[PDB]
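Contents: one structure, followed by commentary.
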Amino acid sequence: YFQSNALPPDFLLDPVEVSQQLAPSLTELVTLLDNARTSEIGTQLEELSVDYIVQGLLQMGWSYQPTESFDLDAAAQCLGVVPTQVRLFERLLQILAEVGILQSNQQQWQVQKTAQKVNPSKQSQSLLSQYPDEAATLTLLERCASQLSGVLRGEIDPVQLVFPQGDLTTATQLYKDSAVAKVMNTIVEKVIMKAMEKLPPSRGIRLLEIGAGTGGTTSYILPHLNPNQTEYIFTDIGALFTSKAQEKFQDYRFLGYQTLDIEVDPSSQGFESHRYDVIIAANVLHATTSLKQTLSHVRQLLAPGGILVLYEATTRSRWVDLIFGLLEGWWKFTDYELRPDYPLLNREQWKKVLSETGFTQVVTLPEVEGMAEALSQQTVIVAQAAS
Ligand SMILES: Nc1ncnc2c1ncn2[C@@H]1O[C@H](CSCC[C@H](N)C(=O)O)[C@@H](O)[C@H]1O
């Protein structure tokens with residue numbers, strides 16, 4: 001019965017086979033999400049984001065009257081935006097153009113309407129009373145976006161707003177226990193367990209997670225892994241995250257902890273090449289400079305038939321721009337031919353770039369008719385290392 005463990009993990013199910021067999025599970029898992037309610041919450045968060053932007057710009061002395069025109073550079077110097085925050089500032093201006101306050105003409109901006117009096121803290125509280133299940137999202141958005149002017153002026157390190165040493169759980173709850181993240185993280189767990197269901201007893205499985213953070217996605221996977229034949233490598237670029245995850249996950253003795261910067265050759269950071277069966281990357285790969293070189297490093301870690309499980313957001317979101325868009329990773333991208341002005345890719349763009357970086361049999365999840373629009377704005381992508 002035993003066959004050499006040195007040979008590639010051919011027992012791994014194809015991603016397409018995995019999605020076919022998970023189809024009845026995914027159909028019922030999607031229905032657990034309120035379609036009408038998740039949409040109206042998301043819509044209101046996008047409107048509240050406009051009020052945070054206007055409040056911050058007025059705090060920096062925005063005095064642009066209607067008809068007046070300005071370019072990005074002049075407005076940044078006027079408001080005092082530091083050079084490292086201009087790309088975020090440009091996106092904020094783009095948001096104001098989407099709602100009709102501004103208009104984009106060539107590389108110029110024209111003020112169409114005078115922004116009215118806003119009080120986003122008061123409206124955030126009203127939404128908190130109506131949707132207490134979104135308290136983590138509202139509280140994080142209030143803590144981050146209410147210091148938008150200080151971040152734009154380089155006076156406040158936005159990592160101390162998103163990921164302060166004393167509160168890493170708030171941002172974790174967004175990645176872990178939000179309505180949409182509950183579904184996506186469950187898909188991540190079901191995919192991984194289904195792909196390895198034919199694991200021979202005489203063989204161990206090696207999983208590596210990139211950008212695992214505090215372990216929001218990780219917590220869904222660990223309880224289902226067989227500790228006797230699993231090695232799970234928990235990695236993040238930052239040791240503060242692996243340190244916090246090591247405390248949370250003490251019960252699991254098959255976990256290893258190590259730092260990994262996916263933008264640099266992993267084999268120079270103490271990782272074996274082509275020796276991991278499953279790589280998990282939840283909400284991280286977008287925060288890199290070049291997706292092709294990031295995906296080539298990801299592919300470099302996968303065994304010849306290994307599985308890449310990707311969890312990414314696929315659409316622009318105003319309130320996300322006021323939280324994780326404050327951080328440097330949101331604006332690292334320079335592959336402008338692929339990503340002209342935003343770090344995220346949609347389903348079709350991910351499939352194309354994966355097929356160009358050595359991945360095959362690419363599946364995007366979930367794909368159910370009658371699906372809530374919120375589930376269309378994020379995806380779990382499963383792809384196989386090709387050769
Ligand atoms: N270049 C890089 N290589 C590896 N990890 C990176 C990275 N740039 C940012 N990261 C990490 O990616 C993480 C994104 S937080 C993503 C959510 C996380 N998977 C969870 O569920 O909790 C951050 O913790 C950050 O430290």
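To keep it simple, each residue is scored yes or no on (1) in the same structural domain as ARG275 (by CATH); (2) out of contact with any helix residue (DSSP H, G or I) (no Cβ under 6 Å at 6 or more places or on another chain); (3) within 20 Å of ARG299 (Cα to Cα).
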site: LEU310; (1), (2), (3): yes, yes, yes
site: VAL363; (1), (2), (3): yes, no, yes
site: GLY370; (1), (2), (3): yes, yes, no
site: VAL382; (1), (2), (3): yes, no, yes
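Per-residue answers, yes or no, for (1) touching a strand residue (DSSP E or B) at 6+ places or on another chain (Cβ under 9 Å); (2) more than 28 Å from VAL309 (Cα to Cα); (3) surrounded by 13 or more Cβ atoms within 10 Å (Cβ to Cβ):
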site: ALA6; (1), (2), (3): no, no, no
site: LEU22; (1), (2), (3): yes, no, yes
site: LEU33; (1), (2), (3): no, no, yes
site: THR38; (1), (2), (3): no, no, yes
site: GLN65; (1), (2), (3): yes, yes, no
site: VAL81; (1), (2), (3): no, yes, yes
site: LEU92; (1), (2), (3): no, yes, yes
site: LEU96; (1), (2), (3): yes, yes, yes
site: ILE101; (1), (2), (3): yes, yes, yes
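Give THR27, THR84, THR38 a once-over and let me know the one that is part of a helix (DSSP H, G or I) and in the same structural domain as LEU128 (by CATH).
It is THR38.
Kindly indicate whether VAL362 is in contact (Cβ under 8 Å) with a residue 40 or more places away in the chain, of a type in the set (A, V, I, L, M) and assigned to a strand (DSSP E or B). So that I can check it myself, show each step before the final result.
Values: in contact (Cβ under 8 Å) with a residue 40 or more places away in the chain: yes; of a type in the set (A, V, I, L, M): yes; assigned to a strand (DSSP E or B): yes.
So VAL362 fits the description; yes.
Only one of (1) within 16 Å of the ligand (Cβ to nearest atom); (2) closer than 26 Å to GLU263 by Cα; (3) not in a loop (DSSP other than H, G, I, E, B) fails for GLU231. Which number is that?
Condition not satisfied by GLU231: (1).
I'm checking my understanding of the structure. Among residues of the stretch 74-119 that are in contact (Cβ under 8 Å) with a residue 12 or more places away in the chain and among the charged types (D, E, K, R), which one is nearest to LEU322 (Cα to Cα)?
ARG91
Give the residue, chosen from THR214, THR172, that is in a helix (DSSP H, G or I), within 15 Å of the ligand (Cβ to nearest atom) and either free of Cβ contacts under 8 Å to residues at least 40 places away in the same chain or touching a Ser or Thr at 6+ places or on another chain (Cβ under 6 Å) (or both).
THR172
Hey, does the stretch 202-211 have a residue that's closer than 30 Å to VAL82 by Cα, touching a residue at least 60 places away in the same chain (Cβ under 8 Å) and in contact with a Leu (Cβ under 9 Å, 6 or more places away or on another chain)?
Yes, because at least one residue in the stretch 202-211 is closer than 30 Å to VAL82 by Cα, touching a residue at least 60 places away in the same chain (Cβ under 8 Å) and in contact with a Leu (Cβ under 9 Å, 6 or more places away or on another chain).
Give the stretch 117-169 a look and list any residue that's hydroxyl-bearing (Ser, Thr, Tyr), within 21 Å of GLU247 (Cβ to Cβ) and crowded, with 17+ Cβ neighbours inside 10 Å, or say none.
Within the stretch 117-169, none qualify.
Would you say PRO66 is within 16 Å of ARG153 (Cα to Cα) and out of contact with any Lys or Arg (no Cβ under 6 Å at 6 or more places or on another chain)?
Taking the combined requirement at face value, the residue does not satisfy it.
For residues in the stretch 146-169 being under 18 Å from the mean Cα position of the chain (by Cα) and part of a helix (DSSP H, G or I), which is farthest from the ligand (Cβ to nearest atom)?
First pass over the stretch 146-169, keeping only residues under 18 Å from the mean Cα position of the chain (by Cα): 158-159, 161-163, 168-169.
Subset that is part of a helix (DSSP H, G or I): 159, 161-162, 169.
Details: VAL159: 9, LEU161: 15, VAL162: 9, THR169: 10 Å.
Checking each candidate, the answer is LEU161.
Might you check whether a residue that is away from the ligand (no atom under 14 Å from the Cβ), in a helix (DSSP H, G or I), among the charged types (D, E, K, R) and within 26 Å of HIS297 (Cα to Cα) occurs anywhere in the stretch 183-199?
So far as the stretch 183-199 goes, yes, one or more of its residues are away from the ligand (no atom under 14 Å from the Cβ), in a helix (DSSP H, G or I), among the charged types (D, E, K, R) and within 26 Å of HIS297 (Cα to Cα).
To keep it simple, each residue is scored yes or no on (1) part of a helix (DSSP H, G or I); (2) near the ligand (Cβ under 8 Å from one of its atoms); (3) farther than 20 Å from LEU344 by Cβ.
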position: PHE241; (1), (2), (3): yes, yes, yes
position: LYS244; (1), (2), (3): yes, no, yes
position: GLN250; (1), (2), (3): no, no, yes
position: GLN258; (1), (2), (3): no, no, yes
position: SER273; (1), (2), (3): no, no, yes
position: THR289; (1), (2), (3): no, no, no
position: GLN300; (1), (2), (3): yes, no, yes
position: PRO304; (1), (2), (3): no, no, yes
position: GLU312; (1), (2), (3): no, no, no
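Answer yes or no as to whether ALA303 is among the small types (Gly, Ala, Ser) and touching a helix residue (DSSP H, G or I) at 6+ places or on another chain (Cβ under 7 Å).
Against the criterion (among the small types (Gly, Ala, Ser) and touching a helix residue (DSSP H, G or I) at 6+ places or on another chain (Cβ under 7 Å)), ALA303 does not qualify.
Looking at (1) crowded, with 19+ Cβ neighbours inside 10 Å; (2) among the hydrophobic types (A, V, I, L, M, F, W, C); (3) in a loop (DSSP other than H, G, I, E, B); (4) more than 16 Å from the ligand (Cβ to nearest atom), which one does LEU344 not meet, given that it meets all the others?
Tallying (1) crowded, with 19+ Cβ neighbours inside 10 Å; (2) among the hydrophobic types (A, V, I, L, M, F, W, C); (3) in a loop (DSSP other than H, G, I, E, B); (4) more than 16 Å from the ligand (Cβ to nearest atom), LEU344 fails exactly one: (4).
With the checklist (1) under 27 Å from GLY325 (Cβ atoms); (2) out of contact with any helix residue (DSSP H, G or I) (no Cβ under 6 Å at 6 or more places or on another chain) in hand, flag the one item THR38 doesn't pass.
The failed condition is (2).
Please name all residue pairs, on different chains or six or more residues apart, with Cβ atoms under 9 Å, provided the first residue is in the stretch 320-346 and is within 21 Å of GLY42 (Cβ to Cβ) and touching a residue at least 24 places away in the same chain (Cβ under 8 Å) and the second residue is of a type in the set (S, T, N, Q) and surrounded by fewer than 17 Cβ atoms within 10 Å (Cβ to Cβ).
Pairs found: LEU344/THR315; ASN346/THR315.
Please note: Cβ atoms are built from the backbone with ideal geometry, for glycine as well, and neighbour counts cover all protein chains shown. All of this is worked out from the model, or read from it or from the source named; nothing here is a laboratory result.
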